Structures are given as C-alpha cells and as structure tokens.
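First comes the structure, then the notes that go with it.
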C-alpha cells in the first residue's frame, strides 16, 4: 500500500509552514492565467456575433 | 581498578534458564549475604473484562491473607520469624511479588512464594473484609489530586480499550465480585509464559537452579486507540490545579525508545524547594520559577507494549496558569528546529548519570530483570546502553521530535480550578508554530 | 470514588478511519489530517484572485 | 555561536515566496509566456 497524495503532500508541504504556504502562493498564478482564459469563452461562447470581436470581422482589415 | 570505560566490562551477567511448563529462571551474583527474590506477572488490567476489573487488585490483597496450604497470618509470622521484609505491588500491566532476604533462608522462600503464586486459600472471610477495606480505600483515594488526574488521561485517549480503565475498577464490582471470577481469572492468566521468575543477591545461578526445585508454574492484547480530546472537571474550592499534558508514543521495544529518554533530559524540572534558583540552565526551570509560574513541575515517560506516553506534569497557582502552557510548548518547538549538540551533552551526561545511579542496592536490579524479561526479554545491554546513548546526535534528535510533536493532536487532562485553562483549539493551533 | 465517567461514543460525530478502537491513529493521522488542512490552503486561493 | 539551522533553509524558503508575489503582484517583468500569456 502506498500513501495517498495527502499523506505524501502533508509530509511534503502542509507540515512545513512555508512549503505549505509556498504552493498556495504558486497555485494562483497559473490558476488565474488558466482561470481568466477558460471562463471568458463561457461568457463569449454565449455572446456571439453581437460584438465586433465577432462583428467587426465583417469590416476589419477593410 | 575502576574506570567508567572499564566498569562496563566487569559485571555479573544475567542468567537464563527455562522450565518445561514455561517458567523462566534467571539470576546474578552480588557476593552478598542478602538476596532479593521476586516474581513478575504480565497479567494486565487490559486483559480483564470490565466486570473483572479491580479483581487482581482485590486479589493481590488476598494473597498474604493466608494461602491454600498455609492459612491466614501463620504466613507472616514465619517471614517475620525469619525477619524478612515482604512486599508486593500492582500496575495496569504488571503485578509484583517479591522479598528481600538473606541468601541463607532462600530455600523456604521459593517454596513459600511458590505455594501462594497459584494455590490460594479462597474464603469469604476476607471477601467482605477487603471489600469494606477497599470501599474504605476507594473513597479515601480521592485525597491526592495526583493519582486522581492520571486515570482521566487514559480514558481520554484510550477510551475504547481496556487499557484506559482503572486498576481498581468501578466501586460496584468491588461489591459485586464472587471469587468464582477470581479463581477463573486465577485460572486463565497465571499459567506460563505469563509467569516470569528471577532473583538477585549473592546467588550464583546453579545453586538457584537446583533449588528452583520442582514445584510448578503453568500450562491476548489489541492496539489501543489514541484519541485527541480533552477532559475538564472544574472545581473552585481547592488552592491549586494539577495539570499535565501528553501525546501518545511508541511501544516498549524500539530504537526511538532510546531517544525519548534524552528528550525529557532536556527540559529538566522545577519545584518549590529545589535549591535551583534563577541561574538554572533549563529554560523553564529558571523562568517558570522566576515568576513562580509554577509551584512545581516534572515530566513523565512511559512506553507500553504497542504504546507510549510523553509529557509533563505541573502545578501552579490558577491566575497565572496560562503562563506555563504558553511557555511550555516552545520548549518542545524550539527543539524541533533550532536544537543544539552541547545542550544535550549534560542530558547525554545526565541519562548516563541517571542509569548508573539506578543500580545501588540489591532489590533494584531484581525489579529490572522482571520488566526487562517482560519487555525486552533477557536484555541487559549494560555497556550497550552507552552505545545506544552514543548513537545520539543533534540531527538524530531533530529527526525524532519531528515525528511525534510538530503539528500533532494532544489530549488534555485537567482538574479544578481549571477555570482559566486556555481553550482546546488554541492548544492545537498552539502546538505547531507559524514559525512564531 | 466515581472513576466511572465517559461518553458512550461520539460515532455519529466520528468518522470512518477512526471508527475502530483497535486501530492506531498514527495510521490514519497522516492522510486524514492533511485532508483537514487541505481546506485551508485552497480556500485562500480565490482570496488572492 | 552560531548553529544556523533549517532556519537558514527556512529563511532561504521564506523570501523566495513573496519574491514571486512582486512578480505575481504588478511590478514584475514578462517571462517566457510559460503557460498562457496573451500577446
């Protein structure tokens, strides 16, 4: 039997205070970069042809 | 001559001898006219059922009330006619029977001891006497807050297993016991391997083994639960509040069993009337005395078969109780990171100083053997202890406490006037530093 | 005198990995407890966002 | 004395963190896209 990630991760990170805090400080970076991107479509995928991002393709670069 | 290096070499060693029915023999020569004979029994309170609780205790009393062959108080007169001191004692795991005596009267001793080991006069003459005597005691035992607070702590974590229960058990079974269960519990647990026999004094082994002398010996445990919790009995009358704190630990046999010995050597301990003064090296011993944040404190270490206990026991006035608790913890925590070699030396020295001084007098060696056999068996790693001690390193330590302390779940044992005791969740978020 | 006190069980409060008195807490403790702190960290993430 | 223990690594571990913070804050530079970076 092998320790589930938690047993590992706790021994890995949460135990040592910084280490615990460290990945916490890490996670948000990629997160928001991933988060900001992934959500926008959900907004945008719903909003289609009503915005020059879609509209101005009619007249953009002439 | 004598050199602490040489002195480890010159020892009478422990002896090993077996019987057929499971009794073990053993011995060491003190070149002494006197000898301490004893008998050890591994029958634990945790073996007995809930109804069976307090029996052996009750039983232990019954032994010298006269035995099957030798009725009441003809027994004592002989040992008194000899002039020998006689004593016995109990513990949740272990019960003891032993005598200090000359090597001369040794032969009767065994055959006296042997008879009562199992053969027992069972008469209700005593059953009510002792019961009343015990009911006397049970109600009187409430006098010392010390022995009080312990049992709470066992039940605190070890609830769910017999390990936590009282030695003397509920007041009711004290009334409710028939000597059938006695004989029954006499029956089960007094056959070997459960039995262990030894003695120490001027006796060589063989002159023991001959008169180990044809009489007899004989024909379950579980992991106990370790529960983070609290117990609070608030009573405002008394002046002081005995408070101690603990976390579970390893079993008897283990390397870590060694490191923990020096662990408590670090903290030291302070009480009122020590000649210590402010100049003591131990941080709390000086400081907790400085403001007398404690009238007294000590530490404890006990390692069971599969279990062990770590912590300290302290006494202080109530209005300041918060102090000790605040200022106890770091003395664990600062170890866990910043600890130091030299500071251990003394403790390294102390434990060395400690175990050596343990060996004065006949009896103490005798007692050692029994637990040793019940614990590590034959082992008397005398010089090896030092080697076991020489093991120790600053890293070694800062590896150990890493296990059992940093961010763990303690249990809380306390007795009135608890009132100002910091609440639980502090202690928990107070165990692990945030780095301050 | 009393010596008898105890609460029968907290089971309905209590939880699976500790559900046996004959099991060592050291067994579950590592992974079990980490699950606790686990809530601490992730919940701080959105705070930063 | 000085025995400068895991604290030194601990210390080594502290400042590393918030160093990211600035970069993560709003007063850092533009690293190699390194997981999505819009133009």
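FYI, residue positions are counted from 1 along the chain as it appears here.
Every residue, even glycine, has its Cβ placed from backbone N, Cα and C.
Here Swiss-Prot flags B:77 (among others) as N6-acetyllysine. DSSP gives residue B:77 (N6-acetyllysine) a helix state. Residue B:77 (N6-acetyllysine) is surrounded by 9 other CB atoms, counting those within 10 A of its CB over all protein chains shown.
The number of other CB atoms found within 10 A of the CB of residue B:104 (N6-acetyllysine), across every protein chain shown, is 12. DSSP classifies residue B:104 (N6-acetyllysine) as coil under the three-state reduction. The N6-acetyllysine annotation in Swiss-Prot covers B:104 (among others), and the record cites similarity to another entry as its basis.
According to Swiss-Prot, the feature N6-succinyllysine maps to B:129. Residue density at residue B:129 (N6-succinyllysine): 12 other Cβ atoms are found within 10 A of its Cβ, drawing on all protein chains shown.
The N6-acetyllysine annotation in Swiss-Prot covers B:129 (among others). Residue B:129 (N6-succinyllysine) carries a helical DSSP state (H, G or I).
Counting every protein chain shown, the number of other Cβ atoms lying within 10 Å of the Cβ of residue B:178 (phosphoserine) is 10. Residue B:178 (phosphoserine) falls within neither a helix nor a strand when secondary structure is assigned with DSSP, and so counts as coil. What Swiss-Prot records for B:178 is phosphoserine, and it gives similarity to another entry as the kind of evidence.
When other Cβ atoms within 10 Å of the Cβ of residue B:214 (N6-acetyllysine) are tallied across all protein chains shown, the result is 8. The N6-acetyllysine annotation in Swiss-Prot covers B:214 (among others) and rests on similarity to another entry.
Comparing C-alpha positions, residue B:129 (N6-succinyllysine) sits nearest to B:77 among the modified residues B:77, B:104, B:214.
The two recorded residues residue B:77 (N6-acetyllysine) and residue B:214 (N6-acetyllysine) have their Cα atoms spaced 25 Å from each other. A separation of roughly 32 Å, to the nearest angstrom, links the Cα atoms of residue B:178 (phosphoserine) and residue B:214 (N6-acetyllysine). Across the structure, residue B:214 (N6-acetyllysine) and residue B:104 (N6-acetyllysine) place their CA atoms 19 angstrom apart.
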